[PDB]
Every structure is written in structure tokens, then in C-alpha cells.
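Here is the structure we will look at.
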There are 2 protein chains.
Amino acid sequence: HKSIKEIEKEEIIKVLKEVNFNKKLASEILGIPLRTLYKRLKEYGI
Amino acid sequence: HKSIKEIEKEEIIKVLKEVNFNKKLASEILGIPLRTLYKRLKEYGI
């Protein structure tokens with residue numbers, strides 16, 4: 001079973017893959033500010 | 001002698017102290033986007 005955290009992580013990484021890790025584009029697709037994407041990736045250790 | 005990197009680091013940390021580590025306010029005072037402040041602090045290990 002996937003937690004909320006896992007569901008978010010999976011979508012963030014999926015979108016980053018789709019746009020070849022262009023963070024700006026990924027943030028726009030995810031609907032989150034670029035600063036928030038940075039924060040998530042730091043937390044994930046990625 | 002202080003490098004460009006050191007001068008930037010010292011000002012970032014000085015401003016953060018002045019506003020009690022309110023990052024949003026610090027970013028506005030420093031003239032940099034909040035995402036950039038996040039990136040700098042991560043690089044500094046702070």
C-alpha cells in the first residue's frame with residue numbers, strides 16, 4: 001500500500017523522467033513551485 | 001582575502017541572522033529567488 005508521501009514521490013520522479021530532469025518544466029507540470037521541487041528532491045536525497 | 005563565494009556566503013548568513021532565519025524575507029532582502037536561497041543553503045550544508 002502506498003502512503004501519501006510515496007504517491008507524491010512516485011509522481012515527482014515520473015514527471016522528472018518524462019521531461020529529462022528539466023526541473024522547471026517538471027515543477028510546472030506537477031503544479032508546485034520550483035523551490036518546493038528543490039526541497040522534495042533534497043529530502044529524497046536525489 | 002575573501003573570494004566571491006565567501007562574500008556571497010557571508011552576506012546570505014548575515015541577512016538570515018537579521019531576520020531570524022525567515023527564508024522568504026531573507027530572499028527578498030538578498031534580491032534572489034527563494035529557490036536560489038534554498039540551493040545555496042543546501043550547498044553550504046546549513
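Lettering and numbering for the C-alpha cells are positional, with chains as A, B, ... in the shown order, residues counted from 1 in each chain, and ligands counted from 1 in the shown order.
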
inquiry  = Which residues are near residue 37 in chain A? Cut-off 8 Å, only C-alpha atoms, ignore same chain within fewer than 5 positions. Put them as a ChimeraX atom specification.
reply    = /A:23,27,32

Since we have the selection now, will you write its residues out, keeping C-alpha atoms, as a CSV table (one decimal), in the first residue's frame?
```csv
chain,number,residue,atom,x,y,z
A,23,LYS,CA,13.2,20.8,-13.1
A,27,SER,CA,7.6,21.9,-11.4
A,32,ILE,CA,4.3,23.1,-7.4
```

inquiry  = Show me, as a PyMOL selection string, every residue of chain A with an atom at most 8 Å from chain B, counting only C-alpha atoms.
reply    = chain A and resi 34-36+38-39

task = Would you work out the distance separating CA of residue 40 in chain A from CA of residue 7 in chain A, expressed in Å to one decimal?
result = 12.8 Å

inquiry  = Could you pull out the alpha helix (DSSP H) residues of chain B, going by DSSP on the backbone, and write them as a count of residues only?
reply    = 34

task = Identify, on the basis of only C-alpha atoms, every residue whose closest approach to range 13-19 of chain A does not exceed 10 Å; exclude the query and any residue fewer than 6 positions from it along the same chain; express the result as a count of residues only.
result = 7

query = CA of residue 43 in chain B and CA of residue 6 in chain B, how far apart in Å?
reply =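 It comes out at 12.6 Å.
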
key: Separation of CA of residue 2 in chain B from CA of residue 21 in chain B, in Å and rounded to one decimal   =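 For CA of residue 2 in chain B relative to CA of residue 21 in chain B, the distance reads 23.6 Å.
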